[PDB]
Every structure is written in C-alpha cells, then in structure tokens.
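Here the structure comes first, spelled out in structure tokens, and everything after it is commentary.
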Amino acid sequence: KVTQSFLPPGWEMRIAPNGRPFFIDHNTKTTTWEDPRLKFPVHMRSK
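To convert, take the position in the sequence shown, counting from 1, and add 492; that gives full-length UniProt numbering.
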C-alpha cells in the first residue's frame, strides 16, 4: 500500500510482536503505528 517507511528525527522504528512496525517519538514520548490519515493533520483542522 501507499504507506512507506521513513525515519523522521526523534522517531524510532521498531517492530511490535503483533507483526506491525511502530514508531516511537522520543521527542513527544508518543508511540503509534503509522496510520495513513495520522500522517496528515486531523486534529488540527477538525474543530
């Protein structure tokens, strides 16, 4: 699919035992998988 693996500053790409790669941002302490829509601004437009 159109979901490419990239390594952005602060993020760390690892693999979860469930078989999905996850990105953990060491800046904001966040950890999630790269969702398609997550890559685009959703919360900062949905008001």
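Even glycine gets a Cβ: it sits at the ideal position worked out from N, Cα and C.
Under DSSP, the beta strand (DSSP E) around residue 505 begins and ends at which residues? Membership of residue 505 in the beta strand (DSSP E) is indicated by the continuous run 503-507.
**Q.** Residue burial classification, residue 532 (beta-carbon count within 10 angstroms, cutoff 16)
**A.** Here residue 532 is exposed, its C-beta having fewer than 16 other C-beta atoms within 10 Å.
Legend entry - Beta-ladder partner(s) of residue 513, from DSSP: Beta-bridge pairing by DSSP links residue 513 to 507.
Just how far apart, CA to CA, sit residue 497 and residue 539?
Approximately 30 Å between the Cα atoms of the pair.
Euclidean distance between Cα positions of residue 507 and residue 500
Between the alpha carbons of residue 507 and residue 500 lies a distance of about 16 Å.
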